[PDB]
Structures are given as C-alpha cells and as structure tokens.
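There is one chain below, alone, in structure tokens, taken in the form deposited in one PDB entry.
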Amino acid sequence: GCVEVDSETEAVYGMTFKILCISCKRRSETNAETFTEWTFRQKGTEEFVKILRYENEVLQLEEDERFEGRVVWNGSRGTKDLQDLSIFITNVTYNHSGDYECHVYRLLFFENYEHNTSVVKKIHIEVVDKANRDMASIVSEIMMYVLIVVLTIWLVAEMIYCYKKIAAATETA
C-alpha cells in the first residue's frame, strides 16, 4: 500500500539526491485532491523561503539561483491525489545544505462534506564531499566476524579437548 518512509539526511556533492516526502491518507479508499509546496532554509539564515509548488500535474519553480535548473519532480504522477510529494536535485551544491519543509494540502471529498487538511514534514539535508558509511553497517559487520570467529574457536577447542580424551580410551583398550 502506502508507507511513510523518512528521507535520507545525507547528500554527496556533485551527484544526484532525492528528498522523500510521503504522506499517506488515513484511509486508502477515500478520494482527495492534493497539492504540495516546498520551503527551504539554508544554514546561517533563520527565514524559510518557498522554492517550488506542484499542483495539477505541472511543476512551478521559484526564481532562486540555488535551485534553478536542478530540481525535477520525483513524486506521484498521473493523479490529483498525490501521496509521494518528493523532489530530486540533479546536481547537489553546498548551498543546498539546510532544512526543507514539505507542506501537503489535501482536500478530501466525502458525502456532503469536503475536509481540507494540511501536513508539514521536515527534512534536514547536509551536502558532504564523499559518501559516509552507516554506523550500523560498520558495527554489524564487525559483530558478524566476531561471532563467526568466536564460534569457530569453541568448535575447534571442544574438538581438541574431546579428541584428547577419546585417544586415551583407545590406548586403555
């Protein structure tokens, strides 16, 4: 169905990056008309500036140098009901580092009722020179080798002790 996953917080300079914003309706069978607005605040600044707005299968970009010609819509396509409101940045630049808010406005159409609802989702993205490995992969791998080496020492050791004992029995025979 629909799963709300968090966007990755790490971006590598000079490559591409996708900023996830997924907002799933509480009930899937309902119908709605959704449009999104993205706001970005750079480091060293305390004001949030709108950068894009997507509505009715057409993307509108604000006139900002940091995002002109390097943002495309990766998100729901073919529908006015959008549950993935994500964007992709084609060449990452240091200016892109900062905190981005996705505001989703959904009108839910019901019998005799329309409810207009809003969700704001916040992502912090840091541009970095080179990709950095997760602590969990680094910690897990070291633990898998330590468990595999520890088990092998217990089997080799137990066998050496048992063989010494069995050898005595044959001599005793």
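Numbers for residues come from their place in the sequence shown, where the first is 1. In this text, rigid core is short for the largest set of C-alphas that superpose within 1.5 Å between two forms.
From this point on, the text means the form deposited in another entry, which you will not see here.
- Query: Which of these moves by 2 angstroms or more at the C-alpha between this form and the one not shown, core superposed: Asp134, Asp129, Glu65, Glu141?
  - Reply: Residue with a C-alpha shift of 2 Å or more: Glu65.
- Message: At a change of 3 Å or more, would you call the C-alpha separation of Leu59 and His124 in that other deposited form closer or farther than in the form supplied?
- Response: The answer is farther, because the C-alphas of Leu59 and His124 separate from each other in that other deposited form by 3 Å or more.
- Sense of the change in Cα distance from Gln60 to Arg77 in that other deposited form - at least 3 Å versus the shown form: Compared with the form shown here, the C-alpha atoms of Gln60 and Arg77 sit closer together in that other deposited form, by 3 Å or more.
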